[PDB]
Amino acid sequence: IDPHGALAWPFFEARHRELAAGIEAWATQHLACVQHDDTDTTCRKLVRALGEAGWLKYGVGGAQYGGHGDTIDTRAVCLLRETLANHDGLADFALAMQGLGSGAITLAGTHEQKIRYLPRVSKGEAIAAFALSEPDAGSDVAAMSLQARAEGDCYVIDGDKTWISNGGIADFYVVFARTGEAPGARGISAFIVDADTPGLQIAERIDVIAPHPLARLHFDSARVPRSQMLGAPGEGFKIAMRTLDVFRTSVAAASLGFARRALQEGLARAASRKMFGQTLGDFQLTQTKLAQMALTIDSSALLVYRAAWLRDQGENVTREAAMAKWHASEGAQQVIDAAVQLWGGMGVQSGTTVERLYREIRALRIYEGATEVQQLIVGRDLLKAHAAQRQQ
Amino acid sequence: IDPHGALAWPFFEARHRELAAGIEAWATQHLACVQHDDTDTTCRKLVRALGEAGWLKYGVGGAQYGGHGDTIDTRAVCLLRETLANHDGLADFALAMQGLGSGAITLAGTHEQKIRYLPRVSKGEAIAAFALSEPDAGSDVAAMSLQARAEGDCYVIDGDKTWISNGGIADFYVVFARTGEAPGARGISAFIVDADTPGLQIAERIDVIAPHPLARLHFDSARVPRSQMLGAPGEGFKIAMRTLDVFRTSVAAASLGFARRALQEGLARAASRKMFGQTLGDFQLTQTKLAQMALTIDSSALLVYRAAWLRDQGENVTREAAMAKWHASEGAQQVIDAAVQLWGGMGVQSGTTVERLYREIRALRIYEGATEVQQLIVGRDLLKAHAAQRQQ
Amino acid sequence: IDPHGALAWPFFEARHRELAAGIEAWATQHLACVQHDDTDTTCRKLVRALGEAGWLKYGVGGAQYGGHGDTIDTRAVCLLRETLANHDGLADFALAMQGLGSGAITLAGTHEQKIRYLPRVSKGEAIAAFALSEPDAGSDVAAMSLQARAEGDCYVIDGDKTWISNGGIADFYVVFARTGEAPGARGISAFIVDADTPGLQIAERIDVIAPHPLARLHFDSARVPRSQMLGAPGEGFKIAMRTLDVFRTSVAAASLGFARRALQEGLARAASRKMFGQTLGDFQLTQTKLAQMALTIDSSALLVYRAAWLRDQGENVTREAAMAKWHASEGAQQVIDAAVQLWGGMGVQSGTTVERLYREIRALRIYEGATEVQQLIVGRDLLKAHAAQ
Amino acid sequence: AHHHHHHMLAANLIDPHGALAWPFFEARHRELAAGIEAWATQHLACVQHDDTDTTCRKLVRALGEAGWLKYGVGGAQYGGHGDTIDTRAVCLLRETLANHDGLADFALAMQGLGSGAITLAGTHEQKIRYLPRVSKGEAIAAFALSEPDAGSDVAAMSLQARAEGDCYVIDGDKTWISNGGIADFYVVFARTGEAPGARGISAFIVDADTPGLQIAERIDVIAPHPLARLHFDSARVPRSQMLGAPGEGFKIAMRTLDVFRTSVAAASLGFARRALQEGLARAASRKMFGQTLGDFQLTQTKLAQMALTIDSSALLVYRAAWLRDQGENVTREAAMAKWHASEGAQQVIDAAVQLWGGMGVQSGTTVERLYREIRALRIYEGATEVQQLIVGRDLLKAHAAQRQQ
Ligand SMILES: Cc1cc2nc3c(=O)[nH]c(=O)nc-3n(C[C@H](O)[C@H](O)[C@H](O)COP(=O)(O)OP(=O)(O)OC[C@H]3O[C@@H](n4cnc5c(N)ncnc54)[C@H](O)[C@@H]3O)c2cc1C
Ligand SMILES: Cc1cc2nc3c(=O)[nH]c(=O)nc-3n(C[C@H](O)[C@H](O)[C@H](O)COP(=O)(O)OP(=O)(O)OC[C@H]3O[C@@H](n4cnc5c(N)ncnc54)[C@H](O)[C@@H]3O)c2cc1C
Ligand SMILES: Cc1cc2nc3c(=O)[nH]c(=O)nc-3n(C[C@H](O)[C@H](O)[C@H](O)COP(=O)(O)OP(=O)(O)OC[C@H]3O[C@@H](n4cnc5c(N)ncnc54)[C@H](O)[C@@H]3O)c2cc1C
Ligand SMILES: Cc1cc2nc3c(=O)[nH]c(=O)nc-3n(C[C@H](O)[C@H](O)[C@H](O)COP(=O)(O)OP(=O)(O)OC[C@H]3O[C@@H](n4cnc5c(N)ncnc54)[C@H](O)[C@@H]3O)c2cc1C
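Residue numbers (the entry's author numbering), protein chains in the order written: chain D, 6 to 397; chain A, 6 to 397; chain B, 6 to 394; chain C, -7 to 397.
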């Protein structure tokens, strides 16, 4: 109970303070030496262990379906990702994808669809995936071209998805395809596609700078039953956006966890590195660099948990979640870059904490709405609200 | 109550939401056309009007001395300055100086000293001033050279103070002078010096870029009874620092108020300025510029009221208040600068709102602990806490 | 000759080194205590004194018309503005407007037009002005609404221009007006409008944060002879843009001069301000702030004089001049802001050098193509060149 | 009037908007830039990053055979291009090589840094023995200065050199040593004890086969290349192998880093230019929202800032290199160039990664490699903060000199 800790803020309830201590204790006991050599196996083990400890319940909505509660506790999910990321980006990834990959089912699935998938997801017995981006269309989601033609009681799916997290190890994929009811964003549908669907191919595994399971998927005329559709034909675009919206602040929270770890490493190095008859921390320039790192972190944390608290009041957080993800991810890049600088040569030595952080942060500014997209979201929302106030 | 408004945050209590509406109503009624030509007269009028409306009680400690309560409600003082600064810098100045100028009496006065000065300050019937800085020493307070030499039951005060807000119109000054008990910061004493003390002269008024009452004071062997000392001989330096600490977040809150006004002006101009067949707000560069203004404002506001909330819980806020004053004042400069840019030539036209803001914000980064000093305070506190953690 | 000075760079020739020494000596003698109380009178005196000393010849093209050479020496004009701004923004302003206000005549005048106006401009005997912007159209020049209507052998001008530098003291205005040959940027024409033209009204003097002569002009059916048109009907937009192109790097040079003055003041204060048992300059943070000021200054100066040198080789400088004006004006704001900070309370005291610089720099990021417009010019040019390559 | 160029322009030998047209350059620099670009396009089409020991050995030999290692060596009779190092030439070589492949830049750069102390402080006999092979690419050079406990603080190094008879006995460790494990000799800086601190250092030429020299471990960094920790177990080297006088090793170390200060900045610029090329290509071809990525204002102004940073860095680099080539000290100008180019290249590369989206962080893309190749150039040969202090202190030193005069 540190009065200066962020957990003392009135954005949090007692259950969040208890949860934060619980996931930190679990992370210390389980993430001391995570093997990045075989990430497929490591992710499978992480999902199982997270499931067994109860941590995957918070990303699922509906207690009867294995959820922690009938709504998703945004503050809890943020605290889980922030803590896991502080310890190991792969553990954060494994928990995050159980939420994002199943979220469309929480939001739009029928009773039987929820019963079939969400208990196993919440227990860590099924690995989930979210398949939206394509080679020619990532930011421009509304122009996706994965085809889903109706034929009988099923849909025949043709084309590719890429950058699919958990690609190759997921037990099912929530897949968004163009069914063609109307142009652009109005002709998309969403499907639950089991990994063993005939016609579903793992076309290639993708290597990124922070390695984790990632694949390009090819659909070779795959037939999935119409009963596997989430929502109504043409409702897929709003389902995708609503799913991303649930977890947007928790992406910001993961960035914050990486940033906090970078400051931990920068502080330890400043305080211990002897140089020029003193320590690195005795120089003004080091002190103000650390101060800016802490300022950025506190700003990020306040924005993250303002947005999560506000969503947990039942409000839409279009502007506040965009601010948090933008600020936390860009801020984490700045904090980590400063920490690398503080560590000197060791800062770029393979395997060190700050060097791994330098790789884990970079992609978070790109996916789930690149920084530029977040800025536009906030700007347009400001002008939208100004216009509404004027029309009153 | 706007669920997206900052007042909904649980940093605030019900009384703060009522106060925020009340001071906004007062400002709307009373600040419609503030006269910047004769600031002596305007400030005297503002102090009286704020006092009569009860708004000066919040910067005074002790109900029996005219204060709102026995302790300073820092969240309330911040809301007062944020609102007043959002309307007019002179109104914020007038309220702020009644707090800063009397705070050493709230903190260190005897009962008789508090009775003689604080009720009039709280009623707006006596204008307060805080005289610490000198021509040769502003940042380096511990080396101040105003002399106070004991003589019988009085002190003979000799030398200058300068940059003194309300100088020339104040009814009293809290003055810090070297009495010499020990070197440096341990040789300073604090005095209440009535403006009619023989030998206290106004050497000159001072013209600054955002004009307001300001003077160089010449103590020309001015004799002050020993009974006008605040505290014990040699305790003056701590009284000065503790007085500044009380109001540090409120300086951040004034910066935030100026920044909010700038975003209001920038938004109105973006939405209404037709150009290139559309409006200025239709351009991406405008939208991302506005988004960054709002992000800096929300970060600043969260830091201000986190710090104020935490201090109101009875905790020291050395790190949090420095973060707030630093981030809000530097942030407001950037927001205001962006609003000037959006307004084009009108942004530098004398008397327009954003042109005034460009002048009003600049000194806030300099006084009450320049930005560079705030950065060092945060950085040294980070290393102090880190060393305390390592010892454990 | 300081080997570390920018004048030693091979962007410059001997005549530029000699010019820089001459204008610096003139400024040191004539700008020791410029009066900002009555800027109309001060500008009139500055124009005459600059003209008498020969410094206004560099902004005029053609020796028979009073100019130094047959073309405008961009490096020379930049060095003049940089030096004058270093000393006093009003002196920089006075010289700058003699160039900008007369440039369209240098560029597009007939022999008779150049004879009538350029000798007087070069001698400081006619104060020039450039009237382009309007209340509803500044950045969006192509949409201007000042109207020029052909009637017999004259044009009748109705409407407003605003933000007009030297408004109220200029002897003539180069005015751009819609003649309507085609929509938008293709229906504009340029006119020389003498200040004594009946119907031309000084509607309002404008006060800005760094004051200087500035007015809104109202044209109440002002009749100007067709022979006062600069160039052909419909050529006005190109003439306005080409005139701004000529002097664009010299706005960057003025910004650089302001920045250099800010560093001089910041260095002087750092070295002499005693605090905490040492000087302000002994702190790491002061040393790195000073370092960043100097780095921004050298990068701006290299960009300014690269662009000016390139234009003086007879080449277009669309990208390079935009880089210079963008970088130098935004950079000068940062350098000046850092100098204000080093001076503490004195940094915001009216009348100190750094306080004046904080006011003098701000408009330069707005006029003659705001920073955002310069950024788009550069980015579009990069993509244009890439599409060819 | 006068134009800088005329007849060569008429011969279509000069691009007037190119940086090579700047009067900071002579005709020989334009020729060299064209030659090294031709060599790079021919020889660097598919650099293998799997076995960097073998690739670097191949690169050094090929660069030497083509004459490009002569520019980093001083003294024509010893294989150098001229009697002094042509700074502008060495910058152009690194800028071009870095633009193509960081390992080719590395291989050339280390031939210069590794032999630079021999050029500056070597006796006639020392230069004859080492510099011809270096300049031919027949000997791989290395520069052994940093220690686990002392990198920025060179004056605090603890490697020991003990005089014994007419030899010196060396004990202790060096680390972060580029070309460690493949070098034929190391210039080693060790404390000999003539005086405390920066005055008790001496420089030695230490052949790789010197008994007692051990390659303790190979170091893996985010942009992999030959790197090792060296351990000296009572290594005996003759007093004749000392570079300069006893106690002069600190000045020799610092002057060698000075000779090549602008050249690291020039490599940073080559990486940044490549990032802009990739950014423009992606912006012009990536279709989205019914137009291209380059049609958005944000993309245009981001590209504009990338080019602005590049042009500012290039002007700073070649201003400094030109000035040093006139025989002047460039304490302030070279520190500006290294600080700005390295921080600037990081920003340019980061922007190019962002323009490429997911592919920006996909292993093997050009921009992903650049994001890794750039990071260490901000840390070594004077971390950014050290350069800032050099500039700020020089400003104050010059200001004080004027106040006296
Ligand atoms: C580690 C990693 C994991 C991923 N996991 C998944 C997953 O699980 N499921 C899934 O569906 N996708 C996933 N993705 C894909 C990711 O969502 C996309 O990369 C992202 O949507 C950007 O799309 P893109 O790569 O096609 O870049 P592009 O669409 O080509 O955009 C490139 C750049 O253009 C900028 N930009 C975009 N829009 C605008 C605009 N209007 N105006 C100005 N600039 C703009 C942005 O800076 C953007 O980065 C993952 C990506 C990565 C790197
Ligand atoms: C509008 C205005 C109103 C004011 N009202 C009052 C008042 O009512 N009562 C009163 O007592 N004073 C008042 N002041 C004075 C103000 O507090 C001082 O200006 C401030 O303390 C700075 O002191 P200085 O002006 O002497 O600057 P200096 O002490 O000379 O410092 C100049 C710069 O040095 C930098 N600096 C300072 N310390 C360090 C450090 N350790 N390391 C690195 N850099 C450092 C800072 O950037 C600082 O701005 C006012 C000032 C202004 C502008
Ligand atoms: C001291 C001063 C002196 C002046 N002297 C003269 C003179 O002598 N002659 C003359 O003709 N004019 C003069 N002007 C006018 C000046 O050129 C205009 O103010 C300038 O062109 C901006 O036009 P505006 O004020 O109407 O702002 P707006 O056109 O309304 O633009 C406002 C902001 O919009 C942004 N913006 C503009 N275009 C874009 C775009 N495509 N995309 C995104 N953002 C954009 C910019 O940040 C701009 O500042 C002067 C102005 C000043 C301040
Ligand atoms: C790829 C790579 C290759 C290398 N190759 C060689 C080689 O061939 N030969 C060789 O001798 N060395 C080599 N090095 C070592 C390199 O020179 C050192 O890492 C560098 O000198 C920094 O020293 P350090 O790592 O001990 O960090 P530290 O000395 O501990 O400094 C850490 C950080 O503290 C900051 N700092 C330093 N001084 C100050 C100051 N006065 N004030 C404020 N902040 C300060 C800086 O940001 C610095 O980066 C290499 C390093 C790398 C990453």
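All residues carry an ideal CB built from backbone N, CA and C; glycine is no exception.
Look up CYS159 (chain D) in the DSSP assignment and say whether it is helix, strand or coil. strand
What residues in the stretch 384 to 397 of chain D have a beta carbon less than 9 Å from any beta carbon of chain C? none
Kindly list the residues whose CB is nearer than 6 Å to the CB of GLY336 (chain C), restricted to its own chain and excluding five residues on each side of it in sequence; keep chain order. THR301 and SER305
Taking the alpha carbon of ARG228 (chain C) as the point to measure from, which residue in C:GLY164, C:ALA142 and C:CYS38 has its own alpha carbon closest? C:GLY164
In the stretch 272 to 299 of chain A, which residues sit with their C-beta less than 8 Å from some C-beta in chain C, listed in chain order? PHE288, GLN289, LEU290 and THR293
Could you check the C-alpha separation between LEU235 (chain A) and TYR178 (chain A) for me, to the nearest Å? 12 Å
Just to confirm before moving on: does the CB-CB distance between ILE169 (chain D) and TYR122 (chain D) stay below 8 Å? no
Output yes if chain B places a C-beta closer than 8 Å to the C-beta of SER304 (chain C); else output no. yes
Considering only DSSP beta bridges, list what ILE77 (chain B) is partnered with. None, per the DSSP bridge assignment.
Count the other C-beta atoms from every protein chain shown that fall within 10 angstroms of the C-beta of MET246 (chain B), then say buried if there are 16 or more, exposed otherwise. exposed
I'd like to know if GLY94 (chain D) contacts chain C, where contact means its C-beta is closer than 8 Å to some C-beta of that chain. no
Go through its chain and collect everything with a Cβ distance to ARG278 (chain B)'s Cβ below 7 Å, but skip five positions before and after it. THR284 and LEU285
Cβ-heavy atom distance, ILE371 (chain C) to ligand 4, below 7 Å: At least one heavy atom of ligand 4 is nearer than 7 Å to the Cβ of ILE371 (chain C), so yes.
State whether the stretch 368 to 381 of chain D contacts the stretch 289 to 298 of chain D, with contact taken as three or more CB pairs (one from each stretch) at a distance under 8 Å. Counting Cβ pairs under 8 Å, fewer than three are found: no touch.
Nearest by alpha-carbon distance to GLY282 (chain C): which of D:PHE263, D:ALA142 and D:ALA327 is it? D:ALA142
Chain-ordered neighbours of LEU261 (chain B) on chain C, where CB pairs are closer than 9 Å: Within chain C, no residue comes near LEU261 (chain B); the closest Cβ sits about 13 Å away, beyond 9 Å.
With DSSP collapsed to three states, give me the class of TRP60 (chain A). coil
For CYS159 (chain A) and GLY319 (chain A), what's the separation of their Cα atoms in angstroms? C-alpha separation (whole angstroms): 37 Å.
With hydrogens ignored, establish whether the beta-carbon of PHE288 (chain C) is closer than 7 Å to any heavy atom of ligand 5. This structure simply doesn't include ligand 5; it includes ligand 1, ligand 2, ligand 3 and ligand 4 instead.
Note down, in chain order, each residue of its chain lying with its Cβ closer than 7 Å to the Cβ of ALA313 (chain C), except the 5 sequence neighbours on either side. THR79, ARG80, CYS83 and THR254
Any C-beta of chain D within less than 8 Å: which residues of the stretch 200 to 215 of chain C qualify? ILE211, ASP212, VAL213, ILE214 and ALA215
Mapping the DSSP letters down to three states, classify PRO124 (chain D) as helix, strand or coil. helix
Would DSSP call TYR372 (chain A) helix, strand or coil? Three-state result, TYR372 (chain A): coil.
Under the three-state reduction of DSSP, which class applies to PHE242 (chain A): helix, strand or coil? helix
Could you tell me whether the stretch 344 to 351 of chain C touches the stretch 263 to 275 of chain C, where touching means 3 or more Cβ pairs closer than 8 Å? yes
Report the rounded CA-to-CA distance for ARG324 (chain B) versus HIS(-4) (chain C), giving the unit in angstroms. 20 Å
Near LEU51 (chain D), what residues of its chain come up, given a Cβ to Cβ distance below 7 Å and the 5 sequence neighbours on each side ignored? For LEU51 (chain D), where only same-chain residues beyond five positions count, the Cβ hits under 7 Å are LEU95, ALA96 and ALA99.
Is the CB-CB distance between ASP212 (chain A) and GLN69 (chain B) below 8 Å? no
Can you find the residues in the same chain that come closer than 6 Å, C-beta to C-beta, to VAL180 (chain D), ignoring five residues on each side of it along the sequence? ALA136, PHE196 and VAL198
How would you list, in chain order, the residues of chain D whose beta-carbon sits under 9 Å from the beta-carbon of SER355 (chain C)? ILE211, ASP212, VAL213, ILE214 and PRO216
Chain B residues whose Cβ lies nearer than 7 Å to that of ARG247 (chain A): The premise fails here: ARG247 (chain A) is roughly 21 Å from chain B at the closest Cβ pair, so nothing lies under 7 Å.
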